[PDB]
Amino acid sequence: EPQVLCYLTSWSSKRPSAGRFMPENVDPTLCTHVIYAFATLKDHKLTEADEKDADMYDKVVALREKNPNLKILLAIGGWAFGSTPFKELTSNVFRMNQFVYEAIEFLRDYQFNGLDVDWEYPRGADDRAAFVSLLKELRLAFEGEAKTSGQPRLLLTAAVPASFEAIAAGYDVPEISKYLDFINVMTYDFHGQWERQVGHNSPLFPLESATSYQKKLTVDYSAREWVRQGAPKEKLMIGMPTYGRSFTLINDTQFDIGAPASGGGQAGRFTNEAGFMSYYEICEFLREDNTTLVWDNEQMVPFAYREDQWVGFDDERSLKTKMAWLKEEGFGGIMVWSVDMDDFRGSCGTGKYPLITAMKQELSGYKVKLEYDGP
């Protein structure tokens, strides 16, 4: 029973031509859960972010009609949303409780299977306690509802950071682990266009020559840090990105990890953000002339460069390798960011959804079992 939780970004519907992604585009057999991001808070209540969203919620749910075991969740928060609304949400019990009772009604009305909470990020003791009370109250009310109610309990999940420093600052790990059904660790964005050296978005292992700090910026170390802090392995869903992060090189002849960079790489035609590329945009980049693909055998991920453009990403081989690591460590499953950025049209020349397919096939047969795993 390894789980596969796939994020669906609302704004993917706004991309041009082939990029355009709609709930209909979702293969309902790929993922065990689809998490729709993001709803918002208005007057401290769970509400639809845009008036056009309600029809989208309807479309995402009802994927179910095509796979009745598929769970559909709604996410609130995200990076843009910030910390202040969550702080104000949890500032008093009545607001908090009323948010809780209405969220349940909101969710039951749309027939969602549960709520994903993405506070980015709690920081400091007051936030730490507030995040715990919020999760504690959602969880208990979800249960209480299932009993005073008819059906199966609403699911509760949260996206959490990979940075070991963010973990200490924001997360009472053992406490949140009691209330969450799934802990979705964001094991990506380790490097990017905010830095002035080239580095990979989501390296599995570090370079042997890495500084003790750079060694921590990896999928492997992050996931292990979550375990070390008390997260139950069966609830830990390790984040898998279907995008890459790109750089403009200072010097075309310097293209190795650590090479000087002036900023992000040229935007992809569909995601329109320098420094960022969806997987189908990567494939386009790779078929340009003279683009050299490299396999980093220490980090265990690919990257590619052509003239002053450099991109670090995940492909079939790196994701499969990650699944092998995953099973060996014994984690409960994966989280995918995001389903709309995998090559859902099969324009890379392999199949449709080649990234998620590759992970799914490599996960076939895996059963998660807890056992003593040393310190």
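Note that residue numbering follows the sequence shown and begins at 1.
Mean CA temperature factor is higher for 286-294 when stretches 229-237 and 286-294 are set side by side in the entry. Set 2-10 against 364-372 and average the Cα temperature factors; 364-372 ends up higher. By the numbers in the PDB entry, the CA B factor is greatest at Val60 among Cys31, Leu319, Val60, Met341. Residues shown: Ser177, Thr157, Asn201, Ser209. Highest C-alpha temperature factor in the entry: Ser209. In the deposited entry, the Cα temperature factor of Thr187 sits in the bottom third of values across the chain's modelled residues. Residue-level temperature factors show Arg153 in the highest third of its chain, judged at the C-alpha atom. For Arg108, the recorded CA B-factor ranks within the highest third of the chain. Only modelled residues enter the ranking. When the CA B factors of the chain's modelled residues are split into thirds, the value for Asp118 lands in the lowest one.
Placement of the Cα temperature factor of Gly275 within the chain: lowest third of the modelled residues, per the deposited record.
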